[PDB]
Amino acid sequence: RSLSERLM
Amino acid sequence: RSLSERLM
Amino acid sequence: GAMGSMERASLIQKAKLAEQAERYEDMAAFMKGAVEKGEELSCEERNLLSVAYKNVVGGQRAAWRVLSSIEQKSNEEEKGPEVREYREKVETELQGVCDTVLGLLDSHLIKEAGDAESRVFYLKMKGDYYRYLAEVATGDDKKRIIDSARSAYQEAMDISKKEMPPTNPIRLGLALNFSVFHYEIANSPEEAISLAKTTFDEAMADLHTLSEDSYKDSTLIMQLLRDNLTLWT
Amino acid sequence: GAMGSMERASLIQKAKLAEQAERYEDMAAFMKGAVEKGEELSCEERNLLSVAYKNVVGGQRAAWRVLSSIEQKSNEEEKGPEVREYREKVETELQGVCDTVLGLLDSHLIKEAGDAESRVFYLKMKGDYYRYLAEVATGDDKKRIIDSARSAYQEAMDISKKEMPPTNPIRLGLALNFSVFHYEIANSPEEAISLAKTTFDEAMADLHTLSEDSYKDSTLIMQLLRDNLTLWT
Ligand SMILES: N=C(N)c1cc(-c2ccccc2)c(-c2cncn2CCN)s1
Ligand SMILES: N=C(N)c1cc(-c2ccccc2)c(-c2cncn2CCN)s1
Ligand SMILES: [Ca+2]
Ligand SMILES: [Ca+2]
Ligand SMILES: [Ca+2]
Ligand SMILES: [Ca+2]
Ligand SMILES: [Cl-]
Ligand SMILES: [Cl-]
Ligand SMILES: [Mg+2]
Ligand SMILES: [Mg+2]
């Protein structure tokens, strides 16, 4: 699965 | 901390 | 709400404690209570809200995928209605969390958000939670849910390109997630690849303007764009 | 209970699905419903019950420890009542889970358990959940909670030594957890060390009787005894 935005 | 029984 | 008697500052403090304790359901309840006080959220507070709900829905999505896979295998020995029932239970709870987040955005976070950093953040969030709804949608609603995600992402993109530099971490995270929408949801892998490539290249060309710390922030997100391009090509 | 309308077999099936999906709160609710049907539990079913509640309470214990540490540091700038309040909230939810498990054991799992493998398992569980209560106890009840844990562990030990070989995995896990009780709860590190050593040595001498698979099962638990002895000496 594609990687989405991570928490900062 | 001491190690206790693990799930099997 | 059950948080109506707690001070706004105490809710924010407890959300930070819940984060440290990895109690994300509590964290989300505290931040929902803070939103419902009716005041706008600072950048830090918006990020607390996003962290809390992303962790809650992320666990639900992971569980839904496990159960959906078991259900699909069973439909290729008949084991009764239990797998479908339990997948539906998890699905309904996931939809309820998405609906809660979307309701906070609609009442009234988006309409009061005028600065690019807040408005883009919230519109991206709206796209993300419609995207999570689309992942489990099948009935006469998948098309309308997909179009709602697309519309929110597109409005956020239009603002971000006008008002933020190409290295801004919010702009980069938006482009990343819209590219995932194109690839995973909208059946548009070419659009996904094109968006990720242009986003990466325009950010690369703007890195020279940044401090050491901002450079680290922007390049960390650029690496996710690159990793997806490697997976997709 | 909310599980009263679901078949026993369906509750067990859904508990296994919840385990696979890492949905341990759901798993515990399904197994509580299964216990409340009133029938005894098989070995597999007892292990499903233990896995579910151990994961739920384990998350609570980890969160309580994070919050307790923050609270202690704050009591060495005054930040108001929020840290204490939130630690208390998590503590109360942990106590409620322990009370639920103890209530299932008392109504009526222990009294119907006649075979060593079931009775020892349940009495060990009773010791464990009183031990988790003791970890957070401070008032005029810590002493009585500690004695309740001790009494349950001791009865389980007496049965295990009479009725099970020294390599039996239930007997080994009981001895391990009673040794942790002695070291962490009862301020008896010498008793803990003595128990772990004797347990390890008597199991070592019985390994020759075991199949390849049983040998693997018993040696895995023996390694935990050894790791604690390394930490304690
Ligand atoms: N509590 C959390 N998870 C977060 C808090 C903050 C934050 C934001 C502004 C001010 C103070 C803290 C986050 C943030 C999101 N963009 C950058 N930052 C900074 C940290 N790199 S993330
Ligand atoms: N679903 C789980 N977590 C477990 C299920 C069982 C189990 C027990 C009996 C029969 C079938 C399965 C467990 C078990 C506990 N002692 C040994 N076993 C076997 C596995 N090594 S553990
Ligand atoms: Ca405003
Ligand atoms: Ca700007
Ligand atoms: Ca019996
Ligand atoms: Ca025997
Ligand atoms: Cl269900
Ligand atoms: Cl609280
Ligand atoms: Mg106030
Ligand atoms: Mg029946």
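Order of the sequence lines fixes the chain letters, A, B, ..., with proteins taken first and strands second; residue numbering starts at 1 for each chain. Worth knowing before you read on, the calculation uses all heavy atoms, side chains too, and leaves out hydrogens, waters and symmetry mates. We count ligands from 1, going down the list as the structure has it; atoms in each ligand are counted the same way.
- Within a 6.0 Å sphere centred on CD of C:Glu25, other residues, nucleotides and ligands contribute 12 heavy atoms or fewer.
- Not a single donor-acceptor pair under 3.5 Å links the side chain of C:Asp115 to the backbone N or O of C:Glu117.
- Taking the Mg ion (ligand 9) as reference, the nearest N/O/S atom within C:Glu7 carries the name OE1.
- One finds the CD1 atom of C:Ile159 at 5.0 Å from the CZ atom of C:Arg119 (value rounded to the nearest 0.5 Å).
- Under the 4.0 Å criterion applied to side-chain N and carboxylate O atoms, D:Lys89 and D:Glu85 are not assigned as salt-bridge partners.
- Shown here are the protein N/O/S atoms lying under 3.0 Å from the Ca ion (ligand 5), water excluded: D:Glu40 OE1, D:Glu40 OE2, D:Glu112 O.
- For the pair C:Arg171/C:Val120, no side-chain contact is recorded, criterion being any heavy-atom separation below 4.5 Å from C-beta on.
- Judged purely by atom type and a 3.5 angstrom limit, D:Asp147 has no side-chain atom pairing as donor or acceptor with the backbone of D:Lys143.
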